[PDB]
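To keep things clear, I will list the structure first and then write my remarks on it.
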Amino acid sequence: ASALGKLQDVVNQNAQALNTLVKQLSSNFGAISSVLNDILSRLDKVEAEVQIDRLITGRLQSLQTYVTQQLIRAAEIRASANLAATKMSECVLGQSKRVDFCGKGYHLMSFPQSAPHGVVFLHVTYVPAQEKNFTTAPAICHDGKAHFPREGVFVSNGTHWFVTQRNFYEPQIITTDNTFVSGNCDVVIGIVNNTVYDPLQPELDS
Amino acid sequence: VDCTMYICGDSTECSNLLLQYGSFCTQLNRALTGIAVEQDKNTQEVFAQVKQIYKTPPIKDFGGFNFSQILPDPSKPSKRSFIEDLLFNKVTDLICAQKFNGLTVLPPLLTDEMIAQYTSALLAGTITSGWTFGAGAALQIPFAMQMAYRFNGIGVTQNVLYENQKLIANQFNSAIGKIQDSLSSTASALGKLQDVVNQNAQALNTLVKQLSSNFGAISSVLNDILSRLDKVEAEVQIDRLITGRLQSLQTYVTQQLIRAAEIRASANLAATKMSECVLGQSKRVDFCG
Amino acid sequence: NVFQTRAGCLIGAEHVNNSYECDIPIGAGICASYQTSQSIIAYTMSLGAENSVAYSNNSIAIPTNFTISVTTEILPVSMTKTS
Ligand SMILES: *[C@@H]1O[C@H](CO)[C@@H](O)[C@H](O)[C@H]1NC(C)=O
Ligand SMILES: *[C@@H]1O[C@H](CO)[C@@H](O)[C@H](O)[C@H]1NC(C)=O
Ligand SMILES: *[C@@H]1O[C@H](CO)[C@@H](O)[C@H](O)[C@H]1NC(C)=O
Ligand SMILES: *[C@H]1O[C@H](CO)[C@@H](O)[C@H](O)[C@H]1NC(C)=O
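Chains as they are written, first to last, in the UniProt record's numbering: chain W, 942 to 1147; chain S, 736 to 827, 848 to 1044; chain Y, 641 to 676, 689 to 735.
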C-alpha cells in the first residue's frame, strides 16, 4: 500500500489542514471562549467587541495560514501536473529520447492509468541483460584505407572482426556496406588488421 | 525550530498562553519537517540515480584525457576531486547563537564524503561505461570509442575523432585547466550557491532579531514583563510578544516554504540534467549549456 | 546501551561496523534497521553495492540478451477542490 504514497500524501495533507483549520475554531485565541455566541451571551457588547476581535483576528489569520498553504501546495501540484502533461505528451503520445525521464532503461511506450486525483504511467522499457567480454577496435585497416562502422561498432570474438549494432549482439560479417572509408591507417589509434569482405567481388567472377 | 521555546523562553506563564492559540506551534513543526524531509529527498534524487558505486580502474589511460583534475583525489583524507576543494573553500557565530533559542540546524542525511562517492560513481561509470550504466548494468567500453558515439549524437561522423583524437585530447585538458582558475580567481561564479546559503542565514538572523523587538509590549525580555508587572495585566503584554513572535515565525516559515519550493524546482532541474546530460547525451539545444 | 554519533546521542541500538543499504535514515549517513534475538542496530549508511568495472582500452561489453520491464510511475495531478 506504500506505492501510492505520493497520491496518499496529497489527499492526507489536504484533509490534514482542513482538520487543523476546523480545530482552530475551538481555540480561545485569548478570547474568553471559542463559542462566538457565549461571548455575546455573557458580556455586554461594549466589551464583547474587543473579545470577538481576538477570535476574528485569530480565525481570520488562521484562514490566511490555510490559504497560503494551499497556494504553496497547489503550486507544487501545478508543477507536478506539468510533469505529467509533459510525460503524457512525450512519453505516452510519442517516444521519449530523454534518458530516465520515462523511468530507468531505454523507453518503448507508456500506458497512462488514472488514479484518484492523480495519474499512473506504466512505462514499458527495454533493459539489456547478458554481456560478453569482447576485444574491440575503433577501425580496421584493409588496404591501408581505414574502415569505420557505419552504425554500431567492430568487435572480435576470436579472429573474425564482427561489426554489430551497439545495444544488442548480432554479429555480422564485415563488408563495405557496413563500413565507410576515411583517411588512412597511420592516424587512427588502435586500428587493427583485417580483410573487409566485398559484396561485389564474388558476384563478378562469372 | 522549537515553537514553544522560541516563543516562550523558560516561562510556563507564556507557555500556558501559547496553548490558547492551539495548533500553531505544532503545525509549524509539521511545516518545517515537510521541508527538512524533502531536502534529503532532493539530494537523494539528484546524486544517487545509480544502483552501484563504481570506481575508476587503478590505471588511467583514456587516450590522452587527463581526468586527475575531476577524479577523486586518492591522497585526501576525505576523497574529493581536486576541483571540488576549490568549491568548498569559496562557499562558507551562527554556529550556536541560533541554537540558543531553539533554532536548530539538523545534519543533512548524506555526509559530504558520501556525496563525493556518488559523484565519483556517476563520474566513474560515465568515463568507463559510457551512458549504459544509467540503463542497466554498466558496460565497459573504450573511452575513445565512447566519444565516437557522442559525436554521432551531435551529427559529426566518428571519423573526425579517430583522426583528431590527439588534438581533441589537448583541447579537452587545456579546457579543464582553465576551469580551475575560472573558479580559483573569481568568487562570484558560485553566487547561486552563495545566495542560497546567505538567504537562509539571513532570515535566521532576522528571525532571531525579532526576539529583541517590543512588538508594543513593555520589553522584549519575557521575564521582565513577568518580574515588573502583576500577571493579570502582564497577560495582555505577553500577548503582544506572542502575537508578534508567533506571527514572526509564520513569516519565517512561509518564506522557507516558498524558498524551498524554488530549490525543489532547481533540484529537479539538476536531477533532470544528471539523468539526461550526465547519464545520457542530451539532444536538447542549450539545455546542457 | 549508549552510542555516540555524529547526529546526536543514540540510545538503545547497538553499533555495528558492517554497513548495509540504508533502511531508516537518521543523519550524517547513519541508517538503523531492525534485524540482528533481534535488536535495533545502527550503522554507517552504505552507499549501494561496490563495483569496479573491468576496463581496458580494447575492452567492450555488448549485451547479447534483453528484458522488458514495466515500471509504474505515480504522479499527483489535481488536488481536492475546496472553497
Ligand atoms: C570480463 O572479464 C573480467 C575478468 O577479467 C570480469 O571481471 C568481468 O566481469 C568480465 N565482464 C564481462 C562483460 O563478462
Ligand atoms: C592529471 O593531472 C594532474 C595535474 O596535477 C597530474 O599530476 C596527474 O598526474 C595527471 N594524470 C592523471 C593521473 O590523469
Ligand atoms: C563487519 O565487517 C568487518 C570486516 O570489514 C568484520 O570484521 C566484522 O565482523 C563485520 N561485523 C559483524 C558482522 O560483526
Ligand atoms: C535471452 O535468454 C534469456 C535466458 O534464457 C531470456 O530470459 C531472454 O528473454 C532471451 N532474450 C533473447 C535475446 O532471446
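Ideal Cβ placement from N, Cα and C applies to all residues, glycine included.
(message) If I follow the unbroken alpha helix (DSSP H) through residue 707/Y, where does it start and stop?
(response) Counting along the chain, residue 707/Y falls outside any alpha helix (DSSP H), and DSSP gives it neither H nor E.
(message) Are there any heavy atoms of ligand 2 lying less than 6 Å away from the beta-carbon of residue 933/S, as far as the coordinates show?
(response) no
(message) As an exercise, report each continuous alpha helix (DSSP H) stretch of at least 4 residues that is fully enclosed by the stretch 863 to 889 of chain S, in chain order.
(response) Runs found: 867 to 884.
(message) Extract the residue ranges of the alpha helix (DSSP H) inside the UniProt region "Heptad repeat 1" (920 to 970) of chain S, only unbroken runs of 4 or more that lie entirely within it.
(response) The qualifying runs are 946 to 964.
(message) Using a strict less-than 5 Å threshold between each residue's beta carbon and the heavy atoms of ligand 1, what residues do you get?
(response) Taking each Cβ in turn, the ones that pass are 1072/W, 1074/W, 706/Y and 713/Y.
(request) With hydrogens ignored, establish whether the beta-carbon of residue 717/Y is closer than 6 Å to any heavy atom of ligand 4. (result) Look at residue 717/Y: its beta carbon is less than 6 Å from one of the heavy atoms in ligand 4.
(message) Would you say the beta carbon of residue 969/S is closer than 6 Å to some non-hydrogen atom of ligand 3?
(response) Here the distance from the Cβ of residue 969/S to the nearest heavy atom of ligand 3 is not below 6 Å.
(message) Relative to the C-alpha of residue 760/S, which candidate in 792/S, 919/S, 1003/S and 795/S has its C-alpha closest?
(response) 1003/S
(message) Helix, strand or coil for residue 650/Y? Go by DSSP, reduced to three states.
(response) strand
(request) Please name the residues in the stretch 701 to 717 of chain Y whose beta-carbon is closer than 9 Å to at least one beta-carbon of chain S, in chain order. (result) Within the stretch 701 to 717 of chain Y, 701, 702, 703, 704, 705, 706, 707, 708, 709, 710, 711, 712, 713, 714 and 715 place their CB atoms closer than 9 Å to a CB of chain S, listed in sequence order.
(request) Tell me residue 1072/W's beta-bridge partners as DSSP assigns them. (result) 715/Y
(message) Using beta carbons (cut-off 7 Å, strictly below), is residue 884/S in contact with chain Y?
(response) Chain Y, which has a Cβ nearer than 7 Å to the Cβ of residue 884/S, makes this yes.
(request) Alpha carbon to alpha carbon, how far is residue 1094/W from residue 1057/W? Give it in angstroms, no decimals. (result) 48 Å
(request) Within its chain, find whatever has a CB closer than 8 Å to the CB of residue 1066/W; leave out the 5 residues flanking it on each side and keep chain order. (result) 1043, 1044, 1045, 1046, 1047, 1048 and 1049
(request) Within 10 angstroms of the Cβ of residue 666/Y, are there 16 or more other Cβ atoms? Answer buried if so, exposed if not. (result) buried
(message) The alpha helix (DSSP H) that contains residue 999/S, what's its start and end?
(response) In the DSSP assignment, residue 999/S falls within the alpha helix (DSSP H) that extends over 986 to 1028.
(request) Name, in chain order, the residues that DSSP records as bridge partners for residue 695/Y. (result) 671/Y
(request) Could you tell me which uninterrupted beta strand (DSSP E) segments, each at least 3 residues in length, are contained entirely in the stretch 1074 to 1115 of chain W, listed from first to last along the chain? (result) 1087 to 1090, 1094 to 1097 and 1102 to 1105
(message) Just to confirm, is the Cβ distance from residue 980/S to residue 993/S under 7 Å?
(response) yes
(request) Check the Cβ of residue 894/S against every Cβ in chain W and list those closer than 7 Å, keeping chain order. (result) Neighbours of residue 894/S on chain W, chain order: 1072.
(request) Following the continuous alpha helix (DSSP H) through residue 660/Y, name the residue where it begins and the one where it ends. (result) It is not in any alpha helix (DSSP H) - residue 660/Y carries neither H nor E in the DSSP assignment.
(message) Less than 6 Å separating the Cβ of residue 953/W from some heavy atom of ligand 3?
(response) no
(request) Would you mind giving the Cβ-Cβ distance between residue 1079/W and residue 900/S, rounded to the nearest angstrom? I have them listed as a contact below 8 Å. (result) About 5 Å separates the two Cβ atoms, so the contact holds.
(request) Report the rounded CA-to-CA distance for residue 798/S versus residue 952/W, giving the unit in angstroms. (result) 55 Å
(request) Report the residue from 1007/W, 1055/W and 1090/W whose alpha carbon sits nearest the alpha carbon of residue 963/W. (result) Checking every option, the nearest Cα to that of residue 963/W belongs to 1007/W.
(message) Need the endpoints of the beta strand (DSSP E) that residue 852/S sits in, please.
(response) In the DSSP annotation of this structure, residue 852/S is not part of any beta strand (DSSP E); the continuous alpha helix (DSSP H) holding it starts and ends at 852 to 855.
(request) Give a yes or no on whether the C-beta atoms belonging to residue 970/W and residue 996/W are separated by under 7 Å. (result) yes
(request) Give the residues of chain S in contact with residue 1047/W, contact being defined as C-beta atoms less than 8 Å apart. (result) 890
(message) I need the boundaries of the alpha helix (DSSP H) containing residue 741/S, first residue and last residue.
(response) 738 to 742
(message) Can you check which of these residues, 902/S, 862/S, 789/S and 999/S, is closest to residue 700/Y by C-alpha distance?
(response) 789/S
(message) By the DSSP assignment, the beta strand (DSSP E) with residue 642/Y in it spans what residues?
(response) Start and end: 642 to 644.
(request) Assign residue 946/W to one of two classes, buried (16 or more other C-beta atoms within 10 Å of its C-beta) or exposed (fewer than that). (result) It is exposed - the Cβ of residue 946/W has fewer than 16 other Cβ atoms within 10 Å.
(request) Apply the 10 Å Cβ neighbour rule to residue 883/S and answer buried if 16 or more other Cβ atoms are within range, or exposed otherwise. (result) buried
(message) Once DSSP output is grouped into helix, strand and coil, what is the label at residue 900/S?
(response) Looking at residue 900/S - three-state DSSP - the assignment turns out to be helix.
(message) Tell me which residue opens and which closes the beta strand (DSSP E) that residue 787/S is part of.
(response) It spans 787 to 789 - the beta strand (DSSP E) in which residue 787/S sits, taken as one unbroken run.
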